Each structure stands twice: as structure tokens, then as C-alpha cells.
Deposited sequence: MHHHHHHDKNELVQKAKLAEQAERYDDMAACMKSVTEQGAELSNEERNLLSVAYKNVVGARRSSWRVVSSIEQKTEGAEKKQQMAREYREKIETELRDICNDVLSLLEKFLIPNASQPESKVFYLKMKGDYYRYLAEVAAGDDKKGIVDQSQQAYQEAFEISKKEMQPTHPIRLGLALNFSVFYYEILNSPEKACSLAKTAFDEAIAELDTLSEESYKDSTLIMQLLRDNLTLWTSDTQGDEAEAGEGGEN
């Protein structure tokens, strides 16, 4: 049932077993029904920990091989091990992207729902871009950001956390992927300054936290 899968998902989050948490939310998405505001957060947190454990493992293995220029034997093992983590990382994102294009983005009803699933699409394409097909994944990542940025800019407030969160992930995409450290600083600063000019009790925390991360990204980029 839907109640049992969500209840076990909340339980798997407490036990910190995100593979079970993602499998439950995948089954909720497989049932076609539009996820509520709580379910889309549980689905996101689940796959963010699953896909993030392979990202962190990939950054470590590749960084080790950079110092293995002297030994060609260890360089192969580090290369083979990195590729196995890459294959794991590719299968996770394609799993999320398949659910996004089949069950999620299609049935996106109300506006706030349409913007969240649209941000999630560009993220897991950005995670694939971190690892010929390069420009095909990078542009496929950019369209979801722009399409969601137009909708959030036109019908949401600059104080809504979903609009602020999308501006953050969009600005990171320009710096890390496109190597455009300056077109992103404008987006991060505008979304920040458009909010300080202006919010509900159930939204300040997520809203104010993202603005803190926005100025922390601007400070880091401007070394």
C-alpha cells in the first residue's frame, strides 16, 4: 500500500538505510500517483544519499590515481575501480531520470510540483556530466533548469524555497560544468537580492538556509 511504503521509507530514513528508502519511494512513484509535498522530499533525500555515496567515492579514487604516475600497475587498479564506481553512478542517475520522464514530470499537476521535478532532472544529468556524450548530457541538463527557472520566476516569489533552491543548483551548474564562473554569480546574486528586498512559518528555515548557501557559493567562487 501507499501508507506502508511511505511509513517504511520514513523508518528507513531513521535507520540510515537509503537503499531501502529509495526502493520504497521508487515503488510509490511506480504507482503513477502524483507524490505529495512530503513524498517528493522523501524521494529526493533517498536518491540524494544513494547517488551521493558514489559521487564521494568517485572523487576519492580519481584523486588517488593522479598521484600514481610513477607506478603503472596501481594506476590500472585505480582506473578499473573508478570505472566500476562510474558504472554504479550511471545506473543510479538513469534510474532517477527514467522515473522523472515516465511517472513524475508528466503528471506534474500544481505549479510547485512542476518546478521541483524539473530541477531534479537537471541535477542527475549534472551528476552524469561530472563523469562524445558529454555535451549531449550537459545540454539535456541545461534545458530542465531554464524551463523551471522561467516557471518559478513568473509565478513564485523570490522568498519561496523551491525557487531559491533551483537558483542555487543552476548557479553550481555553470561553475563546475560549463566553466562559466561569472554568468552564475549574477544568477545567485539576483535570486539573493530579490529575496532580501521582500514567507511563511513553514518555509523560513528552508528559504533562509538556501540564501546562506548562496552567499557562501559567491564567496568561494570569488577567491
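Sequence ranges 1 to 7, 139 to 141, 209 to 211, 237 to 251 have no coordinates in this entry (deposited sequence, numbered from 1, C-alpha basis).
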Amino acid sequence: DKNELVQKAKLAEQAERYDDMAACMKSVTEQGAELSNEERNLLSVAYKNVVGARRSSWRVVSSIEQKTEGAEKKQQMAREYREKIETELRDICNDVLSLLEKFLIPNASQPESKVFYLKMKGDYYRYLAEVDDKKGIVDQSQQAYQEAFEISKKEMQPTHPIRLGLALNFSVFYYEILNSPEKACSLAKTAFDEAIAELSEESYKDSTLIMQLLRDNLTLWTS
From here on, numbers count along this sequence of modelled residues.
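For the segment pair 90 to 98 and 67 to 75, the entry gives 67 to 75 the higher mean B-factor, averaged over Cα atoms.
Stretches compared: 52 to 60, 153 to 161. Higher mean C-alpha B-factor in the entry: 153 to 161. Looking at the C-alpha B-factors along this chain, the one for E30 belongs to the lowest third. When the CA B factors of the chain's modelled residues are split into thirds, the value for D206 lands in the middle one. Split the chain's modelled residues into thirds by C-alpha temperature factor. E38 is in the middle one. The entry lists a Cα temperature factor for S223 that places it in the highest third of the chain's modelled residues. In the deposited entry, the Cα temperature factor of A197 places it in the highest third of its chain's modelled residues.
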